[PDB]
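Below is one structure; the comments refer to it alone.
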Protein chains: 2
Amino acid sequence: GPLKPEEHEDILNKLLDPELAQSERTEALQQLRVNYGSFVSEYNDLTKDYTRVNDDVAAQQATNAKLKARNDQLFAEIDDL
Amino acid sequence: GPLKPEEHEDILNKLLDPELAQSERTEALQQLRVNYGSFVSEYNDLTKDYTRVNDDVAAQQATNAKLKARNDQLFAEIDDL
């Protein structure tokens, strides 16, 4: 996945020096470019699963509300019979 | 919040030019460094709440089974009477 913070800092270090070869400047920039995209995507992956799980919670809260209702209904239908 | 992809790209565009003023180069590398930390932190914020919610899922399943069991024992003593 995405670069570790020390790997990213390393690239930023190479880029500090103007004396750096052009094939290596563009190569380091491309690593940053591609890495940024990777990071956005990984954040999307987690967002997607977070969305799924918050929907499970909500749907289960409603399902448990329905069962709590039927349990109070059957608790009242016990004094009668 | 972390830089948008187009703002990040823009910084990479500036840094491609070897003639760029050293004052602006270090300012640009700074923005990248700081932004990288901000992004790790945003991802951490989301990981934290995701963890919390996955524990809410488990606790919702447990409450469900705790209601479905009491729903069984009440339905069963509707046969006794």
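The chains in the structure tokens are called A, B, ... from first to last as shown; in each chain the residues are counted from 1, and the ligands are counted from 1 in the order shown.
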
If we count only C-alpha atoms, which residues of chain A reach to within 9 Å of chain B? Please list them as JSON, numbers by chain. {"A": [5, 8, 9, 12, 13, 15, 16, 18, 19, 20, 22, 25, 26, 29, 30, 32, 33, 36, 37, 39, 40, 42, 43, 46, 47, 49, 50, 53, 54, 56, 57, 60, 61, 63, 64, 67, 68, 70, 71, 74, 75, 77, 78, 81]}

Can I have chain A aligned to chain B? Use a least-squares fit on all Cα atoms paired in order and write it out as a PDB file with C-alpha atoms, in the first residue's frame.
```pdb
ATOM      1  CA  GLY A   1      -7.974  19.041   5.915  1.00  0.00           C
ATOM      2  CA  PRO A   2      -5.623  17.329   3.390  1.00  0.00           C
ATOM      3  CA  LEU A   3      -4.840  18.810  -0.053  1.00  0.00           C
ATOM      4  CA  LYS A   4      -7.200  18.071  -2.909  1.00  0.00           C
ATOM      5  CA  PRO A   5      -5.669  15.996  -5.658  1.00  0.00           C
ATOM      6  CA  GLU A   6      -5.326  19.047  -7.890  1.00  0.00           C
ATOM      7  CA  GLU A   7      -3.640  21.041  -5.126  1.00  0.00           C
ATOM      8  CA  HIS A   8      -1.171  18.165  -4.616  1.00  0.00           C
ATOM      9  CA  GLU A   9      -0.512  17.867  -8.326  1.00  0.00           C
ATOM     10  CA  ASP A  10       0.195  21.599  -8.434  1.00  0.00           C
ATOM     11  CA  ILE A  11       3.020  21.202  -5.874  1.00  0.00           C
ATOM     12  CA  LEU A  12       4.428  18.262  -7.822  1.00  0.00           C
ATOM     13  CA  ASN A  13       4.446  20.548 -10.838  1.00  0.00           C
ATOM     14  CA  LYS A  14       6.456  23.311  -9.143  1.00  0.00           C
ATOM     15  CA  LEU A  15       9.007  20.656  -8.053  1.00  0.00           C
ATOM     16  CA  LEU A  16       9.562  19.396 -11.612  1.00  0.00           C
ATOM     17  CA  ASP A  17      11.538  22.502 -12.515  1.00  0.00           C
ATOM     18  CA  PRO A  18      15.146  22.564 -11.190  1.00  0.00           C
ATOM     19  CA  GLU A  19      15.246  26.373 -11.736  1.00  0.00           C
ATOM     20  CA  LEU A  20      12.958  26.793  -8.695  1.00  0.00           C
ATOM     21  CA  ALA A  21      14.092  28.999  -5.786  1.00  0.00           C
ATOM     22  CA  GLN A  22      15.395  27.066  -2.758  1.00  0.00           C
ATOM     23  CA  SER A  23      13.093  28.851  -0.288  1.00  0.00           C
ATOM     24  CA  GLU A  24      10.235  27.631  -2.518  1.00  0.00           C
ATOM     25  CA  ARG A  25      11.510  24.077  -2.989  1.00  0.00           C
ATOM     26  CA  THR A  26      11.759  23.521   0.781  1.00  0.00           C
ATOM     27  CA  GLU A  27       8.375  25.260   1.234  1.00  0.00           C
ATOM     28  CA  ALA A  28       6.720  22.935  -1.268  1.00  0.00           C
ATOM     29  CA  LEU A  29       8.314  19.868   0.320  1.00  0.00           C
ATOM     30  CA  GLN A  30       7.065  21.005   3.734  1.00  0.00           C
ATOM     31  CA  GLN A  31       3.526  21.261   2.344  1.00  0.00           C
ATOM     32  CA  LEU A  32       3.800  17.679   1.142  1.00  0.00           C
ATOM     33  CA  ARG A  33       5.339  16.580   4.525  1.00  0.00           C
ATOM     34  CA  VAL A  34       2.653  18.201   6.657  1.00  0.00           C
ATOM     35  CA  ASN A  35      -0.067  17.075   4.235  1.00  0.00           C
ATOM     36  CA  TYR A  36       0.997  13.422   4.466  1.00  0.00           C
ATOM     37  CA  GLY A  37       0.742  13.605   8.266  1.00  0.00           C
ATOM     38  CA  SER A  38      -2.679  15.221   8.017  1.00  0.00           C
ATOM     39  CA  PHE A  39      -3.899  12.455   5.707  1.00  0.00           C
ATOM     40  CA  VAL A  40      -2.679   9.670   8.047  1.00  0.00           C
ATOM     41  CA  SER A  41      -4.464  11.410  10.955  1.00  0.00           C
ATOM     42  CA  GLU A  42      -7.726  11.799   9.016  1.00  0.00           C
ATOM     43  CA  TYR A  43      -7.551   8.115   8.138  1.00  0.00           C
ATOM     44  CA  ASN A  44      -7.014   7.454  11.900  1.00  0.00           C
ATOM     45  CA  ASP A  45     -10.056   9.573  12.793  1.00  0.00           C
ATOM     46  CA  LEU A  46     -12.236   7.500  10.479  1.00  0.00           C
ATOM     47  CA  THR A  47     -10.650   4.234  11.693  1.00  0.00           C
ATOM     48  CA  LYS A  48     -11.461   5.182  15.291  1.00  0.00           C
ATOM     49  CA  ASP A  49     -15.121   5.808  14.528  1.00  0.00           C
ATOM     50  CA  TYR A  50     -15.311   2.692  12.367  1.00  0.00           C
ATOM     51  CA  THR A  51     -13.999   0.710  15.332  1.00  0.00           C
ATOM     52  CA  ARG A  52     -16.617   2.244  17.678  1.00  0.00           C
ATOM     53  CA  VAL A  53     -19.449   1.504  15.264  1.00  0.00           C
ATOM     54  CA  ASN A  54     -18.441  -2.105  14.545  1.00  0.00           C
ATOM     55  CA  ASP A  55     -18.445  -2.610  18.300  1.00  0.00           C
ATOM     56  CA  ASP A  56     -21.973  -1.152  18.536  1.00  0.00           C
ATOM     57  CA  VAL A  57     -23.144  -3.564  15.856  1.00  0.00           C
ATOM     58  CA  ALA A  58     -21.557  -6.553  17.677  1.00  0.00           C
ATOM     59  CA  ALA A  59     -22.891  -5.557  21.118  1.00  0.00           C
ATOM     60  CA  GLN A  60     -26.359  -4.947  19.655  1.00  0.00           C
ATOM     61  CA  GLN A  61     -26.313  -8.313  17.848  1.00  0.00           C
ATOM     62  CA  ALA A  62     -25.670 -10.005  21.210  1.00  0.00           C
ATOM     63  CA  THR A  63     -28.362  -7.932  22.945  1.00  0.00           C
ATOM     64  CA  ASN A  64     -30.824  -8.918  20.191  1.00  0.00           C
ATOM     65  CA  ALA A  65     -29.775 -12.570  20.511  1.00  0.00           C
ATOM     66  CA  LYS A  66     -30.685 -12.446  24.225  1.00  0.00           C
ATOM     67  CA  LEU A  67     -34.112 -10.955  23.472  1.00  0.00           C
ATOM     68  CA  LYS A  68     -34.778 -13.506  20.710  1.00  0.00           C
ATOM     69  CA  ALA A  69     -34.038 -16.213  23.307  1.00  0.00           C
ATOM     70  CA  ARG A  70     -36.478 -14.754  25.859  1.00  0.00           C
ATOM     71  CA  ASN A  71     -39.095 -14.445  23.107  1.00  0.00           C
ATOM     72  CA  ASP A  72     -38.793 -18.152  22.276  1.00  0.00           C
ATOM     73  CA  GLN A  73     -38.933 -18.906  26.030  1.00  0.00           C
ATOM     74  CA  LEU A  74     -42.188 -16.931  26.378  1.00  0.00           C
ATOM     75  CA  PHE A  75     -43.524 -18.558  23.194  1.00  0.00           C
ATOM     76  CA  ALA A  76     -43.082 -21.992  24.813  1.00  0.00           C
ATOM     77  CA  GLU A  77     -44.518 -20.754  28.132  1.00  0.00           C
ATOM     78  CA  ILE A  78     -47.791 -20.043  26.288  1.00  0.00           C
ATOM     79  CA  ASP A  79     -48.812 -23.639  25.479  1.00  0.00           C
ATOM     80  CA  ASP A  80     -48.447 -24.548  29.178  1.00  0.00           C
ATOM     81  CA  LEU A  81     -50.644 -21.773  30.595  1.00  0.00           C
TER      82      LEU A  81
END
```

Determine which residues of chain A receive a DSSP assignment of helix (DSSP H, G or I), computed from the backbone, and state them as a VMD selection string. chain A and resid 5 to 14 22 to 76

Just C-alpha atoms for this one: save the residues we selected as a tab-separated table (two decimals), in the first residue's frame.
```tsv
chain	number	residue	atom	x	y	z
A	5	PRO	CA	6.08	8.24	6.61
A	6	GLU	CA	9.82	7.61	6.58
A	7	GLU	CA	9.72	6.43	2.96
A	8	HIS	CA	7.83	9.62	2.02
A	9	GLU	CA	10.25	11.80	3.94
A	10	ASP	CA	13.12	10.13	2.10
A	11	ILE	CA	11.69	11.24	-1.28
A	12	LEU	CA	11.19	14.76	0.04
A	13	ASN	CA	14.85	14.69	1.00
A	14	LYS	CA	16.08	13.72	-2.47
A	22	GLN	CA	16.27	14.99	-14.01
A	23	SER	CA	15.42	11.31	-14.59
A	24	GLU	CA	15.47	11.00	-10.78
A	25	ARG	CA	13.51	14.17	-10.04
A	26	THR	CA	10.63	13.09	-12.30
A	27	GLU	CA	10.88	9.54	-10.88
A	28	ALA	CA	10.57	10.83	-7.32
A	29	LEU	CA	7.64	13.08	-8.24
A	30	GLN	CA	5.91	10.11	-9.88
A	31	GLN	CA	6.31	8.10	-6.67
A	32	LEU	CA	4.62	10.92	-4.77
A	33	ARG	CA	1.87	11.21	-7.49
A	34	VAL	CA	1.05	7.51	-7.53
A	35	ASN	CA	1.33	7.31	-3.74
A	36	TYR	CA	-1.21	10.11	-3.23
A	37	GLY	CA	-3.69	8.23	-5.44
A	38	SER	CA	-3.06	5.03	-3.52
A	39	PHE	CA	-3.73	6.79	-0.22
A	40	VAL	CA	-7.04	8.30	-1.44
A	41	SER	CA	-8.11	4.82	-2.63
A	42	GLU	CA	-7.19	3.15	0.68
A	43	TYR	CA	-9.19	5.82	2.48
A	44	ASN	CA	-12.08	5.01	0.07
A	45	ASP	CA	-11.79	1.28	0.84
A	46	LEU	CA	-12.15	1.98	4.55
A	47	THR	CA	-14.97	4.49	3.94
A	48	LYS	CA	-16.88	1.87	1.95
A	49	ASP	CA	-16.66	-0.71	4.73
A	50	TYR	CA	-17.46	1.91	7.36
A	51	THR	CA	-20.60	2.74	5.39
A	52	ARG	CA	-21.62	-0.95	5.20
A	53	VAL	CA	-21.09	-1.45	8.92
A	54	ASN	CA	-22.98	1.68	10.02
A	55	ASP	CA	-25.86	0.40	7.93
A	56	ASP	CA	-25.70	-2.99	9.69
A	57	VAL	CA	-25.85	-1.25	13.05
A	58	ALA	CA	-28.88	0.85	11.97
A	59	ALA	CA	-30.75	-2.10	10.42
A	60	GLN	CA	-30.04	-4.24	13.49
A	61	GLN	CA	-31.21	-1.45	15.84
A	62	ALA	CA	-34.54	-1.42	13.98
A	63	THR	CA	-34.78	-5.23	14.01
A	64	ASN	CA	-34.13	-5.19	17.78
A	65	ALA	CA	-36.73	-2.44	18.23
A	66	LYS	CA	-39.32	-4.70	16.55
A	67	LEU	CA	-38.45	-7.62	18.83
A	68	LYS	CA	-38.54	-5.41	21.95
A	69	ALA	CA	-42.07	-4.39	20.87
A	70	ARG	CA	-43.24	-8.01	20.46
A	71	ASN	CA	-41.70	-8.84	23.85
A	72	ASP	CA	-43.72	-6.09	25.55
A	73	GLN	CA	-46.81	-7.31	23.64
A	74	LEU	CA	-46.29	-10.87	24.95
A	75	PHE	CA	-45.58	-9.49	28.43
A	76	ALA	CA	-49.02	-7.84	28.44
```
